[PDB]
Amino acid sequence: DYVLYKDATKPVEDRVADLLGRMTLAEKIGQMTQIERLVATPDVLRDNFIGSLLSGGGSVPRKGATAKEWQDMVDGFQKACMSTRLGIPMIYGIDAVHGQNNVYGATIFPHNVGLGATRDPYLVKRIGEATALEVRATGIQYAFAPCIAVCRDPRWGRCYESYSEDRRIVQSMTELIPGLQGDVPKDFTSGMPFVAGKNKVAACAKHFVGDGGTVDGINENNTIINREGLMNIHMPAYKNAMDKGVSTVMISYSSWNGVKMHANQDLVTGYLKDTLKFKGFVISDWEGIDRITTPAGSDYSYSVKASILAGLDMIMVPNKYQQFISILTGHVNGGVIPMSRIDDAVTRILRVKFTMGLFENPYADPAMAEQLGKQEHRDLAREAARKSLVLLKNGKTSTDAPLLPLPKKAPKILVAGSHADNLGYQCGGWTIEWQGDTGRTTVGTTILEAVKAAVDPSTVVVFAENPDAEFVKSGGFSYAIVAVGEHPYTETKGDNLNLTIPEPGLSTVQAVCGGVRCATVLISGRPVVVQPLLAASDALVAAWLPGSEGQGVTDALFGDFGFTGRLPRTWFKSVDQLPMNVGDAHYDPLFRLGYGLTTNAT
């Protein structure tokens, strides 16, 4: 027989319907299953008709694995899936959230909060473009990005993954989507999935919905807000994602008014699917269905029933696929979940796969391997890092000479602080490891290295991580650059009620600035208590989590470019003010949203 779904020249909808109509229940439930590479085997993938794999944070074939190693890994999994009766290719997903950040030698872009400071959606589109290439360099077809959370409380450990507390800025930054996926056609129907082809990846608007609105910024917690506030703060950017053809949506761990997002049929089916007309696939978060119950995973049968009935299409299991498949099969066999629900989930998954070209190009392109860490992409990350910097102070009094920009030629200068020569710290979370890490974890340029690469040959550069006051006073320095801030964190590990930087940080700034005039570079995922750092410093820069390209920092410090970044978030006077956002009744910021001092290029 002629087999329509295998015919590349046929419309997606026709191919979807043709394939669906041939599939067994096992093959259907298989498509709905995403498993970790760590539990995947050729037999497992074949026998269970698995639809998707992922790497969680730090799930890598080897430390320091090359782009080709990643391709061979992904292709090995694909070969197994292609060997099934129907040969449905798997889609491989990864958190490429500021570059292809799990991968050694990948370009690491500034985290979202710093991107929000740039107010440059086209820069963000270009980052999406570069990121698609570096993800494809590793054979991967699907990035779990953008996080379009609107972080309404900086005590949240994922506040750095939010472009802004202002939904309008988050909305503008949805340009990451057509960067990652390609621009949609002129004719395009809002809510339809889209990926241009083999040089682009499927994107994922996450985490639906109100992940940034949890009480006390507690990760995965309850968002307590009326429908009006949900719809005008947390929802708007999902509609922009629909208009730009986002391929997938991941559901949030968080609850809305006490209802688990992973169990909310009204929002997932009633709103996302039936109102916004989303035609791509809906994916769970990692063990998201498990966490519907308390304790998590204590009634997995209910977890499966509630999530699948709510309208989720693909489950990021990610480990115990046998239990998931068995339980879902039982629920379908007993009529508790109807076939129509299974068929809808599989329709959407196949729609995305056929649309993106996956049946035509299921294997990696070895010619793409060299896209990883490509210097052009690093130049872009460097541009983004510079554009993200917010100058908060440039002179102690109105009558002082502005410290920045600093001269490249001076007899002797000091670089200091725990964050001055620490690549892992300047990248933050989701870099190499899930939680990020310390030190030289990848290819990059620290602030110290950037300083050495920038200054006149006659400029002596001294590094001291934590020098005492006497060392500085006795040093014969013209000025100092001192970099301090937060340690890398991700998700609940970053939840923080006091928002004060670890020591030594302030003490180093005080010891340094007390002896010579100083530019303080603050590395953080969010506003932190800053008055004491401000009081000590001649100039102070909020550099956020600028990524691998530390020369973006010195590009502004030394006046190659003027400072242009503006706060995408409110800077609070103290944590007991929180939550506190632009527009609030009792708004009393240290720095308002949109604040930023400027310099001009020298």
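Numbers follow the displayed sequence, beginning with 1.
Averaging C-alpha B-factors over each stretch, which comes out higher, 43 to 51 or 572 to 580?
Mean C-alpha B-factor is greater for 572 to 580.
Can you tell me whether 186 to 194 has a higher mean C-alpha B factor than 88 to 96 in this record, or the other way round?
Result: 186 to 194.
Which is it among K239, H111, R378, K200: the one with the largest CA B-factor in the entry?
Highest C-alpha B-factor among the listed residues goes to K239.
What's the residue among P467, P178, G357, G116 with the greatest CA temperature factor in the PDB record?
Each of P467, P178, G357, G116 was compared by C-alpha B-factor; the highest is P467.
Splitting the chain's C-alpha B-factors into thirds, which one does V336 fall into?
Its C-alpha B-factor, which the entry lists for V336, ranks in the highest third among residues of this chain.
Thinking about Cα B factors across the chain, which third does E129 belong to?
Lowest third, going by the recorded CA B-factors of the chain.
Lowest, middle or highest third: where is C151 by C-alpha B factor in its chain?
Within its chain, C151 is a middle-third residue by C-alpha B-factor, going by the deposited values.
Split the chain's modelled residues into thirds by Cα B-factor; is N232 in the lowest, middle or highest one?
Within its chain, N232 is a highest-third residue by C-alpha B-factor, going by the deposited values.
Going by the recorded CA B-factors, say which third of the chain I289 sits in, lowest, middle or highest.
For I289, the deposited C-alpha B-factor lands in the middle third.
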